[PDB]
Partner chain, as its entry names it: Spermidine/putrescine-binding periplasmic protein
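Here's a solo chain for you in structure tokens, the form deposited without the partner chain.
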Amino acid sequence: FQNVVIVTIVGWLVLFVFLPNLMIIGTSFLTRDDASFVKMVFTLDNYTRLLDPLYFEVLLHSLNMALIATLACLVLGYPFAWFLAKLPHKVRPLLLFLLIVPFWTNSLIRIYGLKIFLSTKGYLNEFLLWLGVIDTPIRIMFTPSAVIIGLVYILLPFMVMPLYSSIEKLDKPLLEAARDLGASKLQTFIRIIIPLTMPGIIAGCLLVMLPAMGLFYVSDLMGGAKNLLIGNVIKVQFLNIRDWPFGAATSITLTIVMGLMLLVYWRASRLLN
């Protein structure tokens, strides 16, 4: 009873999470095979192909579209949590559950529905023209702008939940002390609230940025061929090209970003606690 759960929970994570990742990291050392797809031959030919401008402009182009989505979520998410903590306690649980209910529909079906709504001849173009605000339909499809709209739409609920927990756990007399000492609201925001809730911001940025760099059906449906994400490239190299070692090399460029972000969470948390 006492020891069974500890071994079992440790045995489950190791067998299913940590051990497969080390092979992925060690899968970029072998060569390419047309049979078992690998061969014991230490090589570094995979990496120099990353620096190719063809394969290097795509990586840079994906990061730009992922950062703007995270910032748009952060501009739209921190204020959203602030108004929720200033509401009666009897309505807070209901409103949180009303943010997860769109999830009862599959993610791939929600994007297709968004495509018809924003189409050129669809709504928001007939209605926006019918009540004169514009003179010609606004075309956003198959543009980098269209991709940003999709990333925000899917991943917005993943940022509100971490911020609400951090905001709700603040000490009310702590914020009140600055007002007495002589700090205004603007001054109170920059020098007290933000440093205290930094671990919440960092955690929320991790749950919206990294998943946004692997969603390939958003680019397939709304981006076109020129606007591709790392998720589209890796899927092709594994299921169609069947070049596993190169796909593993592309994935580490995404894991490296994880390591940089984790250090900031620990040092921001250690400085506060």
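Positions refer to the first chain, counted from 1.
Although not depicted, the form deposited with the partner chain bound is the subject of the following passage.
236 is the sole member of 67, 41, 236, 50 with a non-hydrogen atom within 4.5 Å of the partner chain in the bound PDB entry. Within 4.5 Å of any heavy atom of the partner chain in the bound PDB entry lies no heavy atom of residue 243. Contact annotation: residue 89 falls outside 4.5 Å of the partner chain in the bound PDB entry, judged by heavy atom distances.
Although the partner is absent from this view, residue 170 stays clear of the partner chain in the bound PDB entry, with no non-hydrogen atom inside 4.5 angstroms. Taking the partner from elsewhere, residue 71 is found to have every heavy atom lying beyond 4.5 Å of the partner chain in the bound PDB entry.
Contact residues in stretch 135-173 (any heavy atom within 4.5 Å of the partner chain, taken in the bound PDB entry) are 139, 141, 142.
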